[PDB]
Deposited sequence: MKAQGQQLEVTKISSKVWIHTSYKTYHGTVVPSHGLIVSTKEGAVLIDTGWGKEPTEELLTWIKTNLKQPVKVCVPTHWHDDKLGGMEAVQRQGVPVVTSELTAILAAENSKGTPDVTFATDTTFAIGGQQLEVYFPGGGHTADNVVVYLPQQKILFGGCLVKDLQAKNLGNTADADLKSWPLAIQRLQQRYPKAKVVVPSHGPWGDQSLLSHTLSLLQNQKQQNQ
């Protein structure tokens, strides 16, 4: 039903892509971060058409170029707009294994890969990318803004109104619980936790995901 963007901090937005699946509409959340030197994209739209809207939005309202885009794993909902991003000269950057799994599933090829947990800064804004272990996918990573204390958990974290874990096909049900606990131990002062497919909240989203993982 399109693409929606909402502001949560003075320099942080959440972009939301929609797709109707069977019964009901499913959102997909990413982040936009504005810096003094360009915008950072955490996740593409849920495919090409949401991603073209997202780019058009960034150009109209932030009136700055996207310096980089960082998918959080290989699935279409977090990376299916990569081709759209790369066609505008924006570098897409992923973990090494996200690049591997994309190649094995005929997704595009990132422009750069990283094999290490990385902290970097653009335009006064610092970002951390971190691998807590397999959960939703073997390669899912999170992104932390330590200044705004905002943790983006992608499909690794579920929202407080999710009643189960959804699809478990590529899922790593055995590792997911320890990945959550890694997040709880590494970001003890996170203020906002952003899931992919529901509303965001406080650090209750980690304990709720842990709870879903002890009741299956």
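| message | Checking coverage: what stretches of the deposited chain sequence are missing C-alpha positions? | response | Those stretches are 1-5, 219-223, listed in order.
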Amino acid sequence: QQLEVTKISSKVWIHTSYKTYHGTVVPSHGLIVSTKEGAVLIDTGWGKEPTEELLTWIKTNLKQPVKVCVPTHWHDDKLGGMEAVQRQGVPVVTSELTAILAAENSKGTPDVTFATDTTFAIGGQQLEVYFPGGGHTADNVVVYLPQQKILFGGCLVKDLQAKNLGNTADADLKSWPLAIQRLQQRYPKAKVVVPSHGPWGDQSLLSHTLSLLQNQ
From here on, numbers count along this sequence of modelled residues.
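| query | Comparing 158-166 with 143-151, which stretch shows the greater average C-alpha B-factor in the deposited entry? | reply | Mean B over CA atoms: larger for 158-166.
| task | Mind pulling up the entry and telling me whether 59-67 or 168-176 has the higher mean Cα temperature factor? | result | In the deposited entry, the stretch with the higher C-alpha B-factor mean is 168-176.
| Which one of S28, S34, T44, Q181 shows the biggest C-alpha B-factor in the PDB entry? | The record points to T44.
| task | Tell me, lowest, middle or highest third: where does the Cα B factor of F120 rank within its chain? | result | Answer is middle: the recorded C-alpha B-factor places it there.
| task | Within this chain's modelled residues, let me know which third the CA B factor of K189 belongs to: lowest, middle or highest. | result | It belongs to the middle third of the chain when residues are ordered by C-alpha B-factor.
| query | Should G108 be placed in the lowest, middle or highest third of its chain by the C-alpha B factor in the entry? | reply | Ranked within chain, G108 CA B lands in the highest tercile.
| said: Considering every modelled residue of the chain and its Cα B-factor in the PDB entry, is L97 in the lowest, middle or highest third? | reply: Highest third.
| query | Hey, what third does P91 fall into on Cα B-factor, ranked over its chain? | reply | Tercile = lowest for this residue's CA B-factor.
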